[PDB]
Amino acid sequence: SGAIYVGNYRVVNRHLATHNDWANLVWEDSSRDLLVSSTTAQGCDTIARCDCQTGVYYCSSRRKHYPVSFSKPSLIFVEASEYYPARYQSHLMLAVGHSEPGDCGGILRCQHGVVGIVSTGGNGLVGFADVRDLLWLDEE
Ligand SMILES: COc1ccccc1CC(=O)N1C[C@H](C(N)=O)[C@@H](C)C1
Ligand SMILES: [Zn+2]
């Protein structure tokens, strides 16, 4: 589990969105595994607007933050899970790192801010849904 809280937005994995998220929906995209809902309170996270390919992510199944090198956002084939069939997921970045299904939502960050959230993994890989192109998260 986990979310990004920037401005009056909450960014979560679409597959973990709650009824309150759907009832306060701003934007969702199944191909990216992302959903954004509105919040009453202002958040403290800031979004990175950069080209970093190194950062640090939070892994709840180890209670640890790990440094990682990750690929550029791309269209990658992801195997079937409890939440989606096997399909291509867009804007996904892969790294070598520990992950388990409930690690989705952990933040990946660089010196500029939040880069994305854990969305996929297995066998010593972890995949992150990028948010750096969603410029509207920084306003209104
Ligand atoms: C945290 O991910 C794992 C880690 C180890 C093993 C398996 C997983 C699960 C995993 O790969 N997915 C990909 C799915 C997607 N974003 O399409 C999502 C619903 C679950
Ligand atoms: Zn950066």
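Every number in this text was worked out from the coordinates using simple rules, so none of it is lab data. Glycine gets a Cβ as well: all are built from the backbone with ideal geometry, and neighbour counts include every protein chain shown.
A few notes on this one:
- Label-to-label distance for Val26 and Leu135 is 1.6 nm, based on points extended 7 Å past Cα in the beta-carbon direction.
- Ascending count of other beta-carbon atoms within 10 Å, so fewest first, for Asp45, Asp103: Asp45, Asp103
- In this calculation the C-beta distance from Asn8 to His112 is compared with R0 = 22 Å, giving a FRET efficiency of 0.55.
- Separation of alpha-carbon centers, the stretch 34-111 and the stretch 125-140, rounded to whole Å: 9
- Here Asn123 and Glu82 are evaluated by their C-beta separation; at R0 = 22 Å the FRET efficiency comes out at 0.80.
- Dipole moment magnitude, nearest 20 debye, the stretch 66-140 about Cα centre, only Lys, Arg, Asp, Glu C-beta charged: 280
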